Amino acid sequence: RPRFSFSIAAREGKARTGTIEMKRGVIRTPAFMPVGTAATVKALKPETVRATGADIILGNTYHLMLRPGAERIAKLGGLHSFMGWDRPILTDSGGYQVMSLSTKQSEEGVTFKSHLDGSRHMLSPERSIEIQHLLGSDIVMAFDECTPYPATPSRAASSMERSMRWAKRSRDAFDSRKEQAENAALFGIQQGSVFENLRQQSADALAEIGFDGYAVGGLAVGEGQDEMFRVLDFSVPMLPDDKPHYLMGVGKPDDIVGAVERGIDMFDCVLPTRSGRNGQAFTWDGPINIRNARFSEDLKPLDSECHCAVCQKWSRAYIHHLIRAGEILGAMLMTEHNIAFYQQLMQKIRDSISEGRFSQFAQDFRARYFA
């Protein structure tokens, strides 16, 4: 099987659909990656994650380096063996969580205090890559410096420039590890805040280094959908067309559809899992709050067109009861349904692009979802 082979089977406007072939499996694009931060997609066995249609999941360098620890995971046989997921895993590099959850920053990297116990740790391009090697992930993210929003052009520029130096260091560290270079892929992260000239400079620097894929970083950090879409409008075309484009930490269903319309191939977000546990279910007519009294005697499934196992077997009324009672099975069923909904959305996106009817799909989807 190939290390990394991206094929585009069809286009419609800026939208693309295709496949990434890797040693542990094929990833159908556009793809949604369930988030499995602490070596679990919360409340789901791996087999259930797969049954929803997911091809790849996300793990987090920052959380796993603290608990259970990267060298421990490697000693236990790697992340895939540890958690029982044998398909591809993408790991974020830690650079965002170190800033959001922990700190001393310099050109070498970041030192920080753990949010679990205040112990001191270090991340750097070289250490992030080494941790991801120890975990055994299939798609490795370059280590970046995250730019707060809003930022002055000058602060966004200096942060982007450091990120680009760290991208080169990440490339070199990855290429020095034969096992990683032979079996994994490395993605670079474009920065530059909302500024077109900086996004261009960042894209140029990343392409000069060369990566297997390119993430648009620094968005979905408080700017709102209109601004995110404006930035994607000019930023995605700057990236190499022939490699996957990954929008990190996005998003709501309508964010996904609009980002695909702008050339994004891959997504991750905690929304389906987190909001499932908190009682929000996604439906083709928009989200519902299952705890609401209107569902107490509703025998319909969460969504009456959903193909998932939850909607084949249990009612809104039952799941309403479970969530109100604090029952673990409520979190399990809501999470399975939401991840399945996201995967069915991605499938409809892929099919509509392949069939040359994605523009109509997006319009039909919005009209109903927001009615």
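Each form is matched to the other, and the largest set of C-alpha atoms that superpose within 1.5 Å is called the rigid core. Residues carry their position along the shown sequence, with the first being 1.
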* Structure fact -> Core-fitted, the stretch whose Cα atoms sit farther from this form in 6 other deposited structures of this protein, 146 to 154 versus 166 to 174, is 146 to 154
* With the rigid core held as the alignment frame, decide whether 294 to 302 or 130 to 138 lies farther from the shown form in 6 other deposited structures of this protein, in terms of RMS C-alpha distance. => 294 to 302
* Do at least a third of the other entries of this protein fail to model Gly118? -> yes
* Does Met346, which is modelled here, drop out in at least a third of the other compared PDB entries? -> no
* Structure fact -> Going from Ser102 to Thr103, the deposited residues skipped in the model number 1 to 3
* Higher-B stretch (mean Cα B-factor, as the entry records it), 260 to 268 or 193 to 201 -> 193 to 201
* For the stretches 333 to 341 and 298 to 306, which has the higher mean C-alpha B-factor as given in the deposited record? -> 298 to 306
* To do: Can you pull the Cα B-factors for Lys42, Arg28, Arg67, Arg316 from the entry and say which is highest?
  => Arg67
* Candidate residues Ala220, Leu247, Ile139, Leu79, the one whose C-alpha B factor the record puts highest -> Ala220
* Structure fact -> In terms of its chain's C-alpha B-factors, the third that includes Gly13 is the highest
* Where does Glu130 sit by CA temperature factor within its chain: lowest, middle or highest third? -> lowest
* Structure fact -> Quick tally, chain-level thirds of C-alpha B-factors: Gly84 sits in the lowest
* Asked: Taking the C-alpha B-factors as the PDB entry records them, is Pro240 in the lowest, middle or highest third of its chain?
  -> middle
* Asked: Compared with the other modelled residues in the chain, in which third is the CA B-factor of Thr91?
  -> lowest
